[PDB]
């Protein structure tokens, strides 16, 4: 099984104030999101979803489609030791 970590870059400054930029109902526009956490430093926030495949190559094709559907646009990196594809925005 392979996995897709969809990630966004956060800037953060016990309440923790952060922000990231997200695409909007218009695809060529991005808007800074007011994100707070309650119990500048840069952080990466990810969520991971799944698939089974025969190939590291077939898994990418699938995950690429997933991301394209969801509107995730970023850099793609792969680590075969943990068989994890990552898409990072920002």
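Residue numbers count along the first chain shown, from 1.
- Might you work out how many residues are unmodelled in the deposited sequence between residue 13 and residue 14, and answer none, 1 to 3, 4 to 9, or 10 or more? Gap between residue 13 and residue 14: 10 or more residues without coordinates.
Are any deposited residues left out of the model between residue 39 and residue 40, and how many (none, 1 to 3, 4 to 9, 10 or more)? Missing in between: 10 or more residues.
Quiz item: If you average the Cα B factors in the entry, which is higher, 17 to 25 or 71 to 79?
Solution: Taking the mean B-factor of the alpha carbons in each, 71 to 79 is higher.
Task: Entry-level comparison of average CA B-factors, 56 to 64 and 27 to 35, reporting the higher stretch - done: Higher mean C-alpha B-factor in the PDB entry: 56 to 64.
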